[PDB]
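Listed below, chain by chain, are the residues.
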2 protein chains.
Amino acid sequence: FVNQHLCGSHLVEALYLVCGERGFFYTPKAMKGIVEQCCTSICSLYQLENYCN
Amino acid sequence: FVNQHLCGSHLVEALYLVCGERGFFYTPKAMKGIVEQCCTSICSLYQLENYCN
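Summary of conventions: residues on each chain are numbered from 1 in written sequence order, possibly unlike the entry numbering, and any residue without coordinates is omitted from what is shown. Written order decides the labels, with chains lettered from A and ligands numbered from 1. As a convention, hydrogens and water are excluded, and side-chain values are obtained from all of the structure's heavy atoms.

Caption draft 1: Seen up close, the interface of chain B and chain A. Between two residues, a contact is recorded if the distance between any of their heavy atoms is within 4.5 Å. Tallying the contact residues gives 15 residues for chain B and 15 residues for chain A. Taking both sides of the interface into account, the surface hidden between chain B and chain A amounts to around 1100 Å²; carbon and sulfur atoms contribute 64%. Among the residues chain B hides against chain A, the three largest losses belong to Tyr-16, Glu-21 and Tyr-26 of chain B. Together they make up 40% of the total. Criterion for a salt bridge: a side-chain nitrogen of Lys or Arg within 4 Å of a carboxyl oxygen of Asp or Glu. Linking chain B to chain A there are two salt bridges. We note a salt bridge from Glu-21 of chain B to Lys-29 of chain A, for which the minimum N-O separation is 3.4 Å. Whenever a nitrogen or oxygen atom comes within 3.5 Å of another N or O atom, the pair is scored as a polar contact, on the condition that within protein one atom can donate a hydrogen and the other can accept it, and that pairs from neighbouring residues in sequence are kept only if both atoms are in side chains. Inspection of the region where chain B meets chain A yields eight residue pairs in polar contact. Only DSSP runs of H or I with at least four residues qualify as helices, and only runs of E with at least two residues qualify as strands; both kinds are numbered from the N terminus onward. Of all the secondary-structure elements, those providing two or more residues to the side of chain B that touches chain A are helix 1 (9–19) and strand 1 (24–26) of chain B. Here the quantity called buried area is the accessible surface, traced with a 1.4 Å probe, that two parts lose on coming together, added over both.

What follows is the structure in structure tokens.
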């Protein structure tokens, strides 16, 4: 589920599932941020975990 | 949608919708944190916005 383009609620769901009890931060308005890496390009587990707490 | 018990993905979805382009942080393992206020007790828009960036 993480190796695809994930945007909007689809991205937030992936963060929720990957990060679990660590939680996460979703900051879509950071340039070259999670949207650039996971929505407009193909996401990855490595990049999602960058946003877990 | 925000004035009810919201847990797990249901809570993350509410944060996503409320916070919009501000983004948010989801930290379930903080005591008296968002889980205590929104999942085990009834959530509110006021409390959700506490977690927007």
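Caption draft 2: Spotlight on the state of the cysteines. Residue and element names in this part refer to chain B. Working definition: a disulfide is two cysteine sulfur atoms within 2.5 Å of each other. All told, the structure shown has six disulfides over all chains when counted by the stated rule. Put simply, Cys-7 and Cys-39 are joined by a disulfide, and their sulfur atoms are 2.0 Å apart. When the S-S torsion is 95 degrees, as for the bridge of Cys-7 with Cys-39, the disulfide is right-handed. Placement of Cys-7 in the segment before helix 1 and of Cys-39 in the loop between helix 2 (34–38) and helix 3 (45–49) is noted, with a sequence separation of 32 residues between them. Overall, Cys-39 belongs to the buried group, its relative accessible area being 16%. Disulfide partner of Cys-19: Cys-52, at an S-S distance of 2.1 Å. Buried, partly exposed and exposed residues are distinguished by accessible area as a fraction of the type maximum, computed with a 1.4 Å probe on protein chains only: under 20%, between the cut-offs, and over 50%, respectively.

Caption draft 3: Looking closely at the nonpolar core. Grouped together as the largest cluster of nonpolar side chains are 36 residues, with contacts concentrated most on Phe-24, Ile-34 and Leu-48 of chain A together with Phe-24, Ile-34 and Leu-48 of chain B. Elements with a contribution of two residues or more to this core: helix 1 (9–19), strand 1 (24–26) and helix 2 (34–38) of chain A together with helix 1, strand 1 and helix 2 of chain B. Other than its neighbours up to four places away in sequence, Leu-48 of chain B contacts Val-2, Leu-11, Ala-14, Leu-15, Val-18, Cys-19, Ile-34, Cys-38 and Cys-43 of chain B. To qualify as a nonpolar core, a set must consist of buried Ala, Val, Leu, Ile, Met, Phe, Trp, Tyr and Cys residues joined through side-chain atoms within 4.5 Å.

Caption draft 4: Structural context of the relation of the copies chain B and chain A. Superposing the copies is done by minimising, in the least-squares sense, the deviation of their C-alpha atoms. If you rotate chain B by 180 degrees and push it 0.0 Å along the axis, it lands on chain A with an RMSD of 0.0 Å. Expressed as a symmetry operation, the mapping of one chain copy onto the other fits a two-fold axis. Looking at the rotation axis and the C-alpha trace of chain B, the residue lying nearest is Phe-25 of chain B, at 2.1 Å. Take the interface residues of chain B: 100% of them recur as interface residues in chain A, which is what a same-surface contact looks like.

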